[PDB]
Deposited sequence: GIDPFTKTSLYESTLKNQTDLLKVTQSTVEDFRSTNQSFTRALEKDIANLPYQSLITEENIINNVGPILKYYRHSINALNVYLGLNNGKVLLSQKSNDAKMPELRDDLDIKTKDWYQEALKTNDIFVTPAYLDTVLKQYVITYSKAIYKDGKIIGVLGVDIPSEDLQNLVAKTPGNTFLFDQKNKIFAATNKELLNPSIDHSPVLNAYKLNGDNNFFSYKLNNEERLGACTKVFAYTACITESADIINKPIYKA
C-alpha cells in the first residue's frame, strides 16, 4: 500500500521486463545478422570465381553448384540458389544442384527487390514454392567487376526464428509486418482468434520500450513493446507484483 513500496516494486518490475524484452529483441537481431553474414560470405565466394566459371550455364552448375551445396549444409538452410537473367535458377535444395527453368523467378519479390538495392533483401515469411515450408529469404544481387552475375537466395525456415524466440525468458512475443502474431514463449498466444488490440494500442500510445498498464478480464497487466525490423516485440505480465 505505502506509495514508497509500490514505487519500488514498479521500478523493479519495469527493469526486469525491459531486460527480458531486450533479450527477445537481441534474438531477432542476431538471427538476421548471422544470416546476412552468411549470405555476404557466399556472395564473395561466387564473385571471386573467374568469369570463365560464371559465363556458361554448365560452368555455373559445376563451379557455383558445389559452393551453394557446402554453404547450404554448413548452416542447414532449406534452399540456396542463384537466379539468372534468362529465368533459370541453380537450386541446391534440402533433400547435385539443378538448373531449373520452371520457377518463374522474375515474378518473385526476392529476385526483383535484390535488383533494386545494393544491400541484402530480407523477405517476410512465405511458403516456399519447392519444399512447402515457411521460409525467410535473404537475397543479394551478385556483381563481378560491376557486371551482374545473378541473384543469390538463401531460404531459412521461419520456424528457426520462432523456436529461438519461444525459448527466451519472459512472456515475450513477436508480431509480423501485418500485426499478426508470429512467435511466442507461451504457445497459446498463437491462437489466431486472440484479439491483440489492447497491447497493440497501448504500444501505439506509448512508443518503443515504454512500459504501460492495460486490463484483461478486469485485471491489471503491465507491458511494453518495441519495433525490431518490421516486427513488433512485446512482453506482458500481471500487475499483481505491484498491487499485491
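- What's missing from the model if you number the deposited sequence from 1? Comparing the full sequence with the modelled residues, the uncovered ranges come out as 1, 97 to 100, 250 to 254.
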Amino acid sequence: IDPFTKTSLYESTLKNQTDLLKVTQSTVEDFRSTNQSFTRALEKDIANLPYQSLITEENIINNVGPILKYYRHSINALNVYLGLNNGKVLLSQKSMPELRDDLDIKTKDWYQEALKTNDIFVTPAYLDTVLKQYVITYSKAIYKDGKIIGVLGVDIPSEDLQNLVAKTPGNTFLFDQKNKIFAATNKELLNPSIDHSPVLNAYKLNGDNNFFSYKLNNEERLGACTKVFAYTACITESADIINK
From here on, numbers count along this sequence of modelled residues.
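- Task: May I ask you to compare 79 to 87 and 106 to 114 by their mean CA B factor in the entry and name the higher one?
- Result: Mean CA B-factor is higher for 106 to 114.
- Looking at the entry, does 147 to 155 or 97 to 105 show the higher mean C-alpha B-factor? Of 97 to 105 and 147 to 155, the stretch with the higher C-alpha B-factor average is 97 to 105.
- Message: Just the C-alpha B-factor column, please: which of 214, 31, 38, 70 has the biggest number?
- Response: Of 214, 31, 38, 70, 214 has the highest C-alpha B-factor.
- Task: Return the residue from 56, 179, 185, 63 that has the highest Cα B-factor in the entry.
- Result: 179 has the highest C-alpha B-factor of those listed.
- Relative to the other modelled residues of the same chain, rank the CA B-factor of residue 27 and answer lowest, middle or highest third. Its C-alpha B-factor belongs to the lowest third of this chain's values.
- Query: Thinking about Cα B factors across the chain, which third does residue 49 belong to?
  - Reply: Tercile = middle for this residue's CA B-factor.
- Item | B-factor third for the C-alpha atom of residue 166 within its chain | It belongs to the middle third of the chain when residues are ordered by C-alpha B-factor.
- Third of chain Cα B-factors occupied by residue 130: Answer is highest: the recorded C-alpha B-factor places it there.
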